[PDB]
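# Observations on the model geometry
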Amino acid sequence: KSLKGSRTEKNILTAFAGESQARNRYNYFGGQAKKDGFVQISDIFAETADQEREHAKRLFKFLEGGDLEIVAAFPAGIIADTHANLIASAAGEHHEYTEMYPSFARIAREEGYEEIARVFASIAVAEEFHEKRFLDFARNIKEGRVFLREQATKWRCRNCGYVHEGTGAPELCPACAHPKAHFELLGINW
Ligand SMILES: [Fe+3]
Ligand SMILES: [Fe+3]
Ligand SMILES: [Zn+2]
(Lines give C-alpha, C1' and ligand atoms only; values in the text may rest on other atoms or scores of the structure.)
(Ligands and ions follow the chains in the order given, each with its own letter.)
Protein backbone atom coordinates (compact mmCIF):
# COMPACT_ATOMS: atom_id res chain seq x y z
CA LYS A 1 0.00 0.00 0.00
CA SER A 2 0.91 3.68 -0.23
CA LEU A 3 3.32 5.25 2.27
CA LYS A 4 1.60 8.65 2.16
CA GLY A 5 0.98 10.08 5.62
CA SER A 6 2.49 7.11 7.47
CA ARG A 7 5.14 7.31 10.17
CA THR A 8 7.22 4.92 8.07
CA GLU A 9 7.34 7.45 5.22
CA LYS A 10 8.89 9.95 7.62
CA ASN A 11 11.24 7.33 9.05
CA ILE A 12 12.47 6.43 5.57
CA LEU A 13 13.32 10.05 4.79
CA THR A 14 14.91 10.41 8.23
CA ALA A 15 17.13 7.37 7.58
CA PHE A 16 17.95 8.70 4.11
CA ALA A 17 19.01 12.06 5.57
CA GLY A 18 21.22 10.38 8.15
CA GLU A 19 22.74 7.89 5.72
CA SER A 20 23.51 10.75 3.32
CA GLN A 21 25.41 12.62 6.01
CA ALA A 22 27.22 9.44 7.04
CA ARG A 23 28.47 9.02 3.47
CA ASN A 24 30.05 12.48 3.57
CA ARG A 25 31.52 12.07 7.06
CA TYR A 26 33.09 8.72 6.16
CA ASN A 27 34.67 10.13 2.99
CA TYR A 28 36.15 13.01 5.02
CA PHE A 29 37.46 10.59 7.65
CA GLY A 30 38.89 8.54 4.80
CA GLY A 31 40.86 11.54 3.63
CA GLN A 32 42.05 12.21 7.17
CA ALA A 33 43.11 8.57 7.56
CA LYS A 34 45.26 8.97 4.45
CA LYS A 35 46.90 12.04 5.99
CA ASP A 36 47.48 10.10 9.22
CA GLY A 37 49.28 7.35 7.30
CA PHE A 38 46.63 4.61 7.49
CA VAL A 39 45.90 3.53 3.91
CA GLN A 40 43.92 0.38 4.66
CA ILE A 41 41.76 2.32 7.11
CA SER A 42 41.35 5.13 4.57
CA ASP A 43 40.07 2.68 1.96
CA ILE A 44 37.78 1.11 4.58
CA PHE A 45 36.21 4.51 5.27
CA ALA A 46 35.75 5.09 1.55
CA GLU A 47 34.15 1.67 1.03
CA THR A 48 31.85 2.20 4.00
CA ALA A 49 30.86 5.56 2.52
CA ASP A 50 29.98 3.85 -0.76
CA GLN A 51 27.92 1.29 1.11
CA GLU A 52 26.06 4.06 2.95
CA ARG A 53 25.33 5.50 -0.51
CA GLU A 54 23.70 2.16 -1.35
CA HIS A 55 21.68 1.98 1.89
CA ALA A 56 20.42 5.47 1.08
CA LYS A 57 19.63 4.46 -2.51
CA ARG A 58 17.47 1.52 -1.43
CA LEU A 59 15.61 3.78 1.02
CA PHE A 60 15.25 6.63 -1.49
CA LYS A 61 13.58 4.30 -4.00
CA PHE A 62 10.68 3.54 -1.63
CA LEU A 63 9.64 7.19 -1.52
CA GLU A 64 6.86 8.42 -3.79
CA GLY A 65 7.60 12.11 -4.32
CA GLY A 66 6.91 15.46 -2.71
CA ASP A 67 8.65 17.43 0.01
CA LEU A 68 8.42 16.08 3.55
CA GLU A 69 9.51 17.82 6.75
CA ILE A 70 11.55 15.85 9.27
CA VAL A 71 12.83 16.51 12.78
CA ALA A 72 16.03 14.76 13.80
CA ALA A 73 19.39 15.22 15.48
CA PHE A 74 22.67 14.81 13.62
CA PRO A 75 26.39 15.01 14.43
CA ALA A 76 27.41 18.67 14.12
CA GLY A 77 31.01 17.90 13.21
CA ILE A 78 33.74 17.03 13.52
CA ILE A 79 36.91 15.84 11.80
CA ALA A 80 39.63 14.82 14.26
CA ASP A 81 42.49 12.31 14.36
CA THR A 82 41.77 8.90 12.82
CA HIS A 83 41.40 7.09 16.14
CA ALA A 84 38.80 9.64 17.24
CA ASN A 85 37.02 9.46 13.88
CA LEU A 86 36.83 5.66 14.10
CA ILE A 87 35.34 5.91 17.59
CA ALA A 88 32.74 8.47 16.49
CA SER A 89 31.86 6.41 13.42
CA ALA A 90 31.35 3.26 15.49
CA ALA A 91 29.09 5.20 17.86
CA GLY A 92 26.99 6.31 14.90
CA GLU A 93 26.73 2.78 13.54
CA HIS A 94 25.85 1.58 17.05
CA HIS A 95 22.91 3.97 17.34
CA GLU A 96 21.72 2.93 13.88
CA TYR A 97 21.67 -0.82 14.43
CA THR A 98 20.66 -0.84 18.10
CA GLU A 99 18.11 1.98 18.15
CA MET A 100 17.08 3.58 14.85
CA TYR A 101 16.67 0.72 12.39
CA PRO A 102 15.08 -1.70 14.86
CA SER A 103 12.58 0.98 15.91
CA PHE A 104 11.83 1.92 12.30
CA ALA A 105 11.42 -1.76 11.39
CA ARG A 106 8.98 -2.40 14.23
CA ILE A 107 6.89 0.62 13.24
CA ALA A 108 6.99 -0.49 9.60
CA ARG A 109 5.63 -3.88 10.65
CA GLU A 110 3.00 -2.09 12.76
CA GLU A 111 1.75 -0.02 9.83
CA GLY A 112 1.76 -3.01 7.49
CA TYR A 113 4.93 -2.37 5.46
CA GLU A 114 6.60 -5.79 5.76
CA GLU A 115 9.00 -5.38 2.83
CA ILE A 116 10.30 -2.06 4.15
CA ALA A 117 10.56 -3.46 7.68
CA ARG A 118 12.68 -6.30 6.28
CA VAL A 119 14.96 -3.80 4.55
CA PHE A 120 15.45 -1.74 7.72
CA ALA A 121 16.35 -4.91 9.62
CA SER A 122 18.73 -6.03 6.88
CA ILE A 123 20.50 -2.67 6.69
CA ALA A 124 20.98 -2.89 10.47
CA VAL A 125 22.98 -6.09 9.94
CA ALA A 126 25.33 -4.24 7.60
CA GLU A 127 25.76 -1.42 10.13
CA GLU A 128 26.72 -3.84 12.90
CA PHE A 129 29.64 -5.12 10.82
CA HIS A 130 30.50 -1.52 9.91
CA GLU A 131 30.82 -0.85 13.64
CA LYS A 132 32.93 -3.97 14.18
CA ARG A 133 35.46 -2.84 11.59
CA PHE A 134 35.64 0.68 13.01
CA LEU A 135 36.05 -0.57 16.58
CA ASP A 136 38.65 -3.15 15.54
CA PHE A 137 40.76 -0.57 13.71
CA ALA A 138 40.44 1.93 16.56
CA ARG A 139 41.71 -0.79 18.89
CA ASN A 140 44.63 -1.57 16.58
CA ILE A 141 45.66 2.09 16.62
CA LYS A 142 45.33 2.41 20.40
CA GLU A 143 47.38 -0.74 20.99
CA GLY A 144 49.96 0.10 18.34
CA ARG A 145 49.11 -3.04 16.37
CA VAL A 146 48.31 -1.47 13.00
CA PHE A 147 51.78 -2.13 11.59
CA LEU A 148 53.34 -4.37 14.26
CA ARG A 149 52.30 -7.72 15.72
CA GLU A 150 53.55 -10.13 18.39
CA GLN A 151 54.40 -12.98 16.01
CA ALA A 152 55.75 -12.95 12.46
CA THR A 153 53.00 -12.81 9.84
CA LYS A 154 52.46 -11.70 6.25
CA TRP A 155 51.96 -8.04 5.30
CA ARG A 156 50.75 -6.87 1.90
CA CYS A 157 51.47 -3.53 0.26
CA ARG A 158 48.13 -2.18 -0.97
CA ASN A 159 49.90 -0.03 -3.56
CA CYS A 160 51.75 -2.78 -5.47
CA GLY A 161 50.95 -6.13 -3.87
CA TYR A 162 54.40 -6.83 -2.43
CA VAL A 163 54.26 -9.35 0.42
CA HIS A 164 56.55 -8.90 3.43
CA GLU A 165 57.12 -11.60 6.05
CA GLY A 166 57.88 -10.42 9.57
CA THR A 167 56.51 -9.15 12.87
CA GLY A 168 55.79 -5.80 11.24
CA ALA A 169 55.41 -3.90 7.97
CA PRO A 170 58.62 -2.32 6.58
CA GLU A 171 59.29 1.43 6.63
CA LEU A 172 59.41 1.38 2.83
CA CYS A 173 58.02 -1.14 0.36
CA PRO A 174 61.04 -2.68 -1.39
CA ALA A 175 59.03 -3.05 -4.61
CA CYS A 176 57.29 0.31 -5.05
CA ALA A 177 59.15 2.45 -2.49
CA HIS A 178 55.90 3.67 -0.92
CA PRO A 179 55.77 4.13 2.89
CA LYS A 180 54.69 1.70 5.61
CA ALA A 181 51.27 3.38 5.54
CA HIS A 182 50.28 1.26 2.54
CA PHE A 183 50.68 -2.08 4.32
CA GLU A 184 47.96 -4.35 5.71
CA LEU A 185 47.77 -7.89 7.04
CA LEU A 186 47.62 -10.24 4.05
CA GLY A 187 44.01 -11.32 3.69
CA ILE A 188 42.58 -14.32 1.86
CA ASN A 189 38.78 -14.36 1.77
CA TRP A 190 38.14 -16.92 -0.97
FE1 LIG B 1 27.11 1.96 8.30
FE1 LIG C 1 54.59 -1.69 -2.67
ZN1 LIG D 1 23.95 2.65 6.37
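Taking the PDB entry as the reference, the chain is identified by name as Rubrerythrin belonging to Desulfovibrio vulgaris.

### Examining the UniProt feature "binding site: Fe(3+) 2" in the chain
The feature "binding site: Fe(3+) 2", as annotated in UniProt, sits at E52, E93, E127 and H130 in this numbering. Their sequence span is 79 residues, while the largest C-alpha to C-alpha distance among them is just 10.7 Å; these annotated residues converge on one region. Mapped onto the secondary structure, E52 falls in helix α2 (residues 39-60). For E52, a relative accessible area of 0% corresponds to the buried category. Along the chain, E93 falls in helix α3 (residues 82-110). The residues touching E93, leaving out its near neighbours within four places in the chain, are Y26, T48, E52, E127, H130, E131 and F134.

### Quick look at the coordination of the zinc ion (ligand 3)
Coordination of the zinc ion (ligand 3) by the protein comes from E19 (OE), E52 (OE), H55 (ND1) and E127 (OE), over a distance range of 2.0 to 2.1 Å. In this structure, the zinc ion (ligand 3) is coordinated by 4 donor atoms arranged in tetrahedral fashion, with angles at the metal of 94 to 125 degrees. Along the chain, the residues that donate to the zinc ion (ligand 3) are spaced as E-x32-E-x2-H-x71-E. Here the zinc ion (ligand 3) and the iron ion (ligand 1) are spaced 3.8 Å apart, with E52 acting as a shared donor. Of the two residues, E19 sits in helix α1 (residues 7-35) while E52 sits in helix α2, which places them 33 residues apart along the sequence.

### Some words on the packing of aromatic side chains
When we look at a pair of aromatic rings, we describe it by the centre distance and by the angle of the planes. Under the definition given, this model contains 8 aromatic pairs. These aromatic residues form a ring-pair network of at least three members: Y26, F29, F45 and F134.

### A few points about the sheet that holds strand β2 (residues 163-168)
The sheet built from 3 strands is open, its strands ordered β2-β1-β3 with antiparallel pairing. Each edge of the sheet is formed by a strand with only one pairing partner; in this case those strands are β2 and β3 (183-185). If you compare each strand with its neighbour and ignore which way they point, the axes differ by 40 degrees on average. Alignment of strand β1 (residues 148-157) against β3, held across 3 bridges, turns out to be antiparallel. What sits directly across from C157, in β3, is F183.

Reading the values: the criteria
Residues numbered from 1 in each chain as written, not as in the entry; some residues may be left out. Chains lettered and ligands numbered in written order. Heavy atoms only, no water. UniProt positions renumbered as here; feature names shortened; annotations may be inferred. Helix = DSSP H or I, 4+ residues; strand = E, 2+ residues; numbered from the N terminus. Buried < 20%, exposed > 50% of the residue type's maximum accessible area, 1.4 Å probe, protein only. Contact = heavy atoms within 4.5 Å. Donors = N, O, S within 2.8 Å, 3.2 Å for Na, K, Ca; no water. Tetrahedral: all angles 85-135°; square planar, octahedral: opposite > 155°, others 65-115°. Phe/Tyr/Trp six-rings, centres within 6.5 Å; stacked < 30°, edge-to-face > 60°. Pairing = 2+ DSSP bridges. Axes fitted to C-alpha atoms, helices over the stretch in contact; angles between N-to-C directions.

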